[PDB]
């Protein structure tokens, strides 16, 4: 009966195995026990009150409405901005556990300062209901993880991820956000073999390494306007997102 309890606790957002185990040793057995007695982070507190909803996958159609809600608000600030949903949605599978949204501008200048008031604009609609994390200091990009909910009767809370990237990095950002995770690992794993490096920011060549293969060199960054450029520079056949669902 311990294993199921570790399952129950691990399905709380923000809680993993180490926390589930600690909660078990404290004698906690139910979600009610956790809510009333355990020390929760604001994250864990939010994931616990949205436990059922976060546990339910969403239809592709509803993920569209979520992206468009983001898209419309973002563009109101600017016509130029691109709001492309990634992750499970872009890979084209029928259900989504979350909605990943990448945002950029063709020029590479107009994207700055939007992130802060885009989030503010969404909160006024009543769209955003909770915030999980913010990474304002992330290179030239910002990432937000929060909880939204579409207008209307009988609607569930959903996990929402927003990142804002420069057009110089829009390629590797999409390559990261669409995934999948296993797919991203394998591709970056191949980069180490070829003496390169792949991040959500850029693909880099001439990357130095030591005897034990630990990285000591930043390498030089190769310009990649789109997803096909990085695929080509890696000596690999391009694959569509649907083909990326590993």
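Numbering follows the first chain given and starts at 1.
- Here the stretch with the larger average CA B-factor, out of 167-175 and 126-134, is 167-175.
- The question of which stretch, 3-11 or 236-244, has the higher mean Cα B factor is settled in favour of 236-244.
- For the set 193, 184, 42, 39, the PDB entry assigns the largest Cα B-factor to 193.
- Across the options 46, 34, 63, 216, the residue with the most elevated CA B-factor in the record is 216.
- Per-chain ranking of the deposited C-alpha B factor places residue 107 in the highest third.
- When the CA B factors of the chain's modelled residues are split into thirds, the value for residue 86 lands in the middle one.
- Residue 146 sits in the lowest third of its chain by CA B factor, as recorded in the PDB entry.
- Residue 96: CA B factor lies in the middle third for its chain, per the PDB record.
- In the deposited entry, the Cα temperature factor of residue 52 places it in the lowest third of its chain's modelled residues.
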